[PDB]
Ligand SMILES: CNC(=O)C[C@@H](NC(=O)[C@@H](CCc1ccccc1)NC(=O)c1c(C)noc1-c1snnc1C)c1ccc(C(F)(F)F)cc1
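A single chain, nothing else alongside it, follows as structure tokens in the form deposited without the ligand.
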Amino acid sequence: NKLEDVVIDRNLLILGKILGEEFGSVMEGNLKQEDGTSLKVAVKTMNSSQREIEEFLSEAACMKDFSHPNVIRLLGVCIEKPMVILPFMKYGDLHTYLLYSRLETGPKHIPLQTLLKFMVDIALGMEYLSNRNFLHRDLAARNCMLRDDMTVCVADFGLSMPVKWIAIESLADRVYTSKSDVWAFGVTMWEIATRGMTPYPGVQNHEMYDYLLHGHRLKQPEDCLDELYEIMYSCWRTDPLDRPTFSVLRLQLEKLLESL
């Protein structure tokens, strides 16, 4: 009953072109605001029990209350069939951006100081979520969005295959904790320092557990500072408990950036 303040009236929403397509489609849209003005949004669609539907609205109400510059907001949900409504980020996801920087007509070559700042943004957003015991469960550069001022925010968390982002302990069992998000953040850092390489070249998805079980990890990128590799490497320690917290990671990266 009380969790209806997360619901948006359908006729305040206009749906346009598809941005992306398995168990959902994401579309551009316009949302009319209490302001009277209209905002550009991205809309992701997704039993029929009353117990299961309240569990969704609660989670959504939770996410709508998140307010941090490095965490994307949930604007609300429309129910026709549920659709979650997020602000549209014109500059798109960090992974594509990273690939474009390696091509003419894309952003310029991204210097080290900018790549590190991206990692600090993501660490902060992750620290914010972790502080609220909210597991992300799908961190990767493709899920880090660029705001119009070029700050990075984490996205596509909560509300419920990317094998190469999944921590060893989570491959082995049905186990996902904050330390698994930390593993994923290391992979995301590696994606950023490689300017968008797919993790583990030469390793196939189905080989990933055997490969990790043998103690192999993502290799240091060619010209990336030893200090930076040490930080990402600590994210993949076999024992989840030996991995640093996000608060620890975030300060390590700030101090590294500050040193340059």
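Shifts are known only where both forms have a C-alpha. For the two forms, the rigid core is made up of the largest set of C-alpha atoms that agree within 1.5 Å on superposition. In this text, residue numbers run from 1 along the sequence as written.
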Check: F23 without coordinates in a third or more of other entries
yes
Say whether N47, which has coordinates in the shown structure, is without coordinates in a third or more of the other compared entries.
yes
Hey, how big is the hole between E21 and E22 in terms of deposited residues without coordinates: none, 1 to 3, 4 to 9, or 10 or more?
1 to 3
Sequence continuity check, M46 and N47 (deposited residues unmodelled)
1 to 3
The stretch carrying the higher mean Cα B factor in the deposited entry, 123-131 or 104-112, is 104-112
Stretch with the higher entry mean CA B-factor, where the candidates are 26-34 and 53-61
53-61
Reading the B-factor column for Cα atoms of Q252, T238, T245, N11, the highest value belongs to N11
Between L74, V163, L146, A172, which one tops the list for Cα B-factor in this entry?
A172
Using the B-factors in the PDB entry, rank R195's C-alpha atom against the chain and give the third, lowest, middle or highest.
lowest
Assigned third (lowest, middle, highest) for the C-alpha B factor of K117
middle
Taking the chain's C-alpha temperature factors as the reference, tell me which third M150 falls into: lowest, middle or highest.
middle
Within this chain, which third does the Cα B-factor at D138 fall in: lowest, middle or highest?
lowest
Compared with the other modelled residues in the chain, in which third is the CA B-factor of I231?
lowest
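Unshown form solved in complex with the ligand; subsequent notes refer to it.
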Open or blocked? Place the ligand on this chain by superposing the surrounding C-alphas onto its site in the bound PDB entry, and call it blocked when 3 or more ligand atoms come within 2.4 Å of backbone or C-beta atoms.
blocked
Which of 184-192, 127-135, 163-171, 112-120 has heavy atoms within 4.5 Å of the ligand in the bound PDB entry?
127-135
Are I231, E254 and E258 jointly within 4.5 Å of the ligand in the bound PDB entry, each by at least one heavy atom?
no
Quick one: of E222, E52, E34, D226, which gets a non-hydrogen atom within 4.5 angstroms of the ligand in the bound PDB entry?
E52
Does the ligand come within 4.5 Å of any heavy atom of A60 in the bound PDB entry?
yes
Is the gap between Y200 and the ligand in the bound PDB entry 4.5 Å or less for some heavy atom pair?
no
Find out whether any non-hydrogen atom of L39 is located within 4.5 angstroms of the ligand in the bound PDB entry, and reply yes or no.
no
Residue-level contact is defined here as any heavy atom of the residue lying within 4.5 Å of the ligand in the bound PDB entry; does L213 satisfy this criterion?
no
Of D226, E52, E222, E34, the one whose Cα moves 2 Å or more between the shown form and the other one after core superposition:
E52
The moving segments between the shown form and the other one, taken as three or more consecutive common residues whose Cα atoms each shift by 2 angstroms or more on the rigid core, are 48-55, 157-160
